[PDB]
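So this one's two forms of a single chain, laid out as structure tokens and tagged structure 1 and structure 2.
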Structure 1
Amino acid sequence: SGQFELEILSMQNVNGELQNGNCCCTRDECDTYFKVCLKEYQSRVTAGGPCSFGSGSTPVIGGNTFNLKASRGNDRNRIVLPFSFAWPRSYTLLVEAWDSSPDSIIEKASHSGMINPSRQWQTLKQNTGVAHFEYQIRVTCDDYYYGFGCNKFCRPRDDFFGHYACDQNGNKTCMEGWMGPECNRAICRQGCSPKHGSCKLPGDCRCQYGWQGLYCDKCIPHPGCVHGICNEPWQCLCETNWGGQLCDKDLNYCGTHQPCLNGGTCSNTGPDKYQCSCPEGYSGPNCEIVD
């Protein structure tokens, strides 16, 4: 989730002394190493206290005086303090220069401040006292982590869980045809019924039971429906001159069949039924008999 990094830049111990006053002076060279303690911001800085955000120490870097400003900074001259919590922005940093081979302090430093995730280094100096030392600090985010606390996670996906890439703010930007916060809801065919149509995959309008068409907006009439319509699934509402549950009964056998012959007037009597009114010199149920 994140790392606080500390790099040693330089040490200047001209006299090759210690914090007490003793020598590690042409007797011997100081075996200079660094101890680091990182905790919560303190308005009134304590010497002790637990190192809540991390503790660490370097192996022997150099002698009495060394300059690493033009050098790279490797596993030996730097300390990495990782963190899984949200970066609180504010911190209290304790950096100490120590001599190896009983161990005793050379110079002690403390710094209370505020820092945001950034690859850019912040140089800090210990100018007071006999021994002078420089160092640089920074807080960087781990891969897929965003925000001021290096706590916002975003990894691009094109699978079961989502189809998106990540913003500069670690916000999900949906792939074409996807929507929602997790970018896992497919965008249906343009015109697809909001009531009876649904997705699974982009531009694929799947019909609700009893609905049909390219847009799932047309009801399926009751099976066996002839001369009837529907507004709802399984309906079979008859058109003019049609009757019955399935709209199969002809209520206008007259306008259909035209049974009366030689210009006679036809009248209805219900399901497939008629009546003929015959002209001059005509007889029969269908006015077929002349005279």
Structure 2
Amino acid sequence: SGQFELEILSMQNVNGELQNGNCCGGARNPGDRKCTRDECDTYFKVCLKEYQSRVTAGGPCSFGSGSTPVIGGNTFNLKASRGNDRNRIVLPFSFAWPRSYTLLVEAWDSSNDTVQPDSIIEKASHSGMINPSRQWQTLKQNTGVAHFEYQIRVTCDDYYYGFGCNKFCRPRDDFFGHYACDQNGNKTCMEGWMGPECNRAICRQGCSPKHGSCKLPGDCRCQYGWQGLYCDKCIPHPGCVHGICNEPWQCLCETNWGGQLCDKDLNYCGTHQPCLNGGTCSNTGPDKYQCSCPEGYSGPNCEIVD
């Protein structure tokens, strides 16, 4: 989104003549050929269109057209003046600025009280190249009887960048992005954000790429069944005692532990030493054993004496 602006700087028509050779409304004085009966009522028409190597006099004003109201007589100098809504033409555009253009600028005499219509004083035309910039470029139409000067520029609208004023960037800090804008309209992510729109939170250094995730920067939220600072430890089956997991909800037994919960001792003899009075213990199953009793002892643990 941009604007092509045109400002009138000066007009000099010392005798008050039209392009056709006649005076701006009135009779020419025989001899001195001075136009003394009236002065021009000078206004300007502007036509902006696509580049033409061979500039046509007519045709459509594709990029826009405009006119100023009457802004002075035969001669006026606005060079030391500021320039207001009356002596300037604004031509907005929403298409990417093509750099190349054709510009028609004409000085006209107003006649809205007499028999004759509005008549052209002088015409300027050219084709050129212009990039977005706040800097004005002066152009002078000083080849005919009436001379005029004007300045032009192309400016980008707010948050627009590049040669076509077409690249949009407005800084943001919400669920659509967390960034600032470059001098080129590029997005520069706030600390803790990544991706083209700076909308992907950077997770805790070491966060599991398989089981860890983000919503806010610096965190590590675990996938269901995963735990730990880096979400890289599985959660064993609830109820698991002497077992481990490689995957969530597993209960893989440690040595000499049995059962789905790894709570059944396969070395009851080693852990409890239940055979009393010099008896020998034998592991025979989960939480199971058998005692072989010396002479004079009886019972499951050789506890019955005599």
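Each residue is numbered by where it sits in the sequence of structure 1, with counting from 1. The term rigid core refers to the most C-alpha atoms you can superpose between the two forms while keeping them within 1.5 Å.
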May I ask you to determine if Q212 and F83 are placed in the same rigid part between structures 1 and 2? yes
The number of degrees by which the smaller rigid part pivots relative to the larger between structures 1 and 2 is 22
After superposing on the rigid core, the Cα of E280 moves between structures 1 and 2 by an amount in angstrom of 10.6
Shift in angstrom of the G264 C-alpha between structures 1 and 2, rigid core held fixed, comes out at 6.5
Between-form comparison on the rigid core puts the Cα shift of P59 between structures 1 and 2, in Å, at 0.5
